[PDB]
Structure formats: C-alpha cells, structure tokens
Amino acid sequence: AXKXX
Amino acid sequence: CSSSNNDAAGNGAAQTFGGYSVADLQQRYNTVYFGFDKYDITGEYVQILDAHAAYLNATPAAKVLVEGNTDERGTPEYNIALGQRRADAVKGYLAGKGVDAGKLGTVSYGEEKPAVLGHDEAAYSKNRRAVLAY
C-alpha cells in the first residue's frame, strides 16, 4: 500500500 | 564588492555565517519542511544548509544533529526509515561541503513522539519537518 497518508 | 553595509564603522568581523549569526541559526533558522513521503529539500530551506555548513565547518569539534519527524501515519519503521533517509540527504549535503561525517548526526522519531496532533494537511504539514538540532 505504501506509507498511507 | 562586499562590505556594502556598515554596522557602526567598527568592523565587519561581526558574527555572520552565510547571512545569520549562531544565536539565530540555533533558534530561528534550523527547521526544514517536507511533504507527503517526500525525499527532497526545498530551495527556501536550502539557505540554512549553506549557513549551518559555514558555521559547522568553522568549528572543528562542531557536530550537527539532524532531527527528523514526519507524520505519524504508518509506523516508526516506515517513518524512521523514510526520515532517516531524508536525514541522510542533508547529512550528505554538509558532507559534500567538506564537513566530516563524525560531526554529522541523524535521527527520527516518526510515530515515536508526534508533534502536531491530528491527521490533516494542516497538522500533517506541520509534522513533516526535520529540525537541525545542534
């Protein structure tokens, strides 16, 4: 997904 | 030309590293603002890098401690990593200027100890920053 944010 | 401005005629020796003085570089200009998962610095905050560099180099035993702190969103491992790297960016910057690694320092408290409570572009933007700690 990654780092979100 | 240089020496275009005069304080009191005394001399230019006045403490002014790259534009500012220690008392300012340590309490006024020493914080950079990053963006969402951003790994780059902005020209607006570059001046500090060159100013701190002049002061850091001027002092042999002077070491700069870069403190990184991004949005809590995610996890220390995810943050600390993202930050520690950005920190590596600035640390290597001064390094390229001639500053010894032994005088450089980096860290990151991502989710560890958040700054601005909340999760909105306002609070989040205020959190995306690495404060040059001496």
# chains A, B, ... in the order shown; residues from 1 in each chain; ligands from 1
>>> closest_atom_pairs(of="chain B", to="chain A", cutoff="12 Å", atoms="only C-alpha atoms", output="tab-separated table")
residue	atom	partner	partner_atom	distance
B:35	CA	A:5	CA	10.6
B:36	CA	A:5	CA	7.1
B:37	CA	A:3	CA	7.1
B:38	CA	A:3	CA	10.8
B:70	CA	A:5	CA	10.7
B:71	CA	A:5	CA	8.0
B:72	CA	A:5	CA	9.0
B:73	CA	A:5	CA	6.0
B:74	CA	A:3	CA	5.8
B:75	CA	A:3	CA	8.5
B:76	CA	A:3	CA	10.9
B:77	CA	A:3	CA	10.6
B:78	CA	A:3	CA	7.0
B:79	CA	A:3	CA	8.0
B:80	CA	A:3	CA	11.6
B:81	CA	A:3	CA	10.9
B:82	CA	A:3	CA	9.1
B:83	CA	A:3	CA	11.9
B:110	CA	A:3	CA	11.9
B:118	CA	A:5	CA	11.9
B:119	CA	A:5	CA	8.4
B:120	CA	A:5	CA	9.3
B:121	CA	A:5	CA	9.6
B:124	CA	A:5	CA	8.9
B:125	CA	A:5	CA	11.1
B:128	CA	A:5	CA	11.5
>>> residues_around(residues="residue 34 (chain B)", least_positions_apart="4", cutoff="10 Å", atoms="only C-alpha atoms", output="ChimeraX atom specification")
/B:38-42,45,68-70,83,86,125-130
>>> select_by_dssp(residues="chain B", states="strand (DSSP E or B)", output="count of residues only")
21
>>> residues_around(residues="region 13-16 of chain B", least_positions_apart="4", cutoff="10 Å", atoms="only C-alpha atoms", output="list in words")
residues 7, 20, 21, 22, 23, 24, 25, 51, 54 and 55 of chain B
>>> write_last_selection(atoms="C-alpha atoms", output="PDB file, in the first residue's frame")
ATOM      1  CA  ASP B   7      27.022  48.455  11.357  1.00  0.00           C
ATOM      2  CA  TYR B  20      22.938  34.802  10.033  1.00  0.00           C
ATOM      3  CA  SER B  21      24.604  34.514  13.436  1.00  0.00           C
ATOM      4  CA  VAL B  22      24.822  31.487  15.751  1.00  0.00           C
ATOM      5  CA  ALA B  23      22.163  32.912  18.078  1.00  0.00           C
ATOM      6  CA  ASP B  24      19.814  32.968  15.073  1.00  0.00           C
ATOM      7  CA  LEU B  25      20.854  29.765  13.317  1.00  0.00           C
ATOM      8  CA  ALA B  51      24.697  28.755   6.594  1.00  0.00           C
ATOM      9  CA  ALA B  54      29.753  27.567   7.178  1.00  0.00           C
ATOM     10  CA  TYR B  55      29.370  27.586  10.962  1.00  0.00           C
TER      11      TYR B  55
END
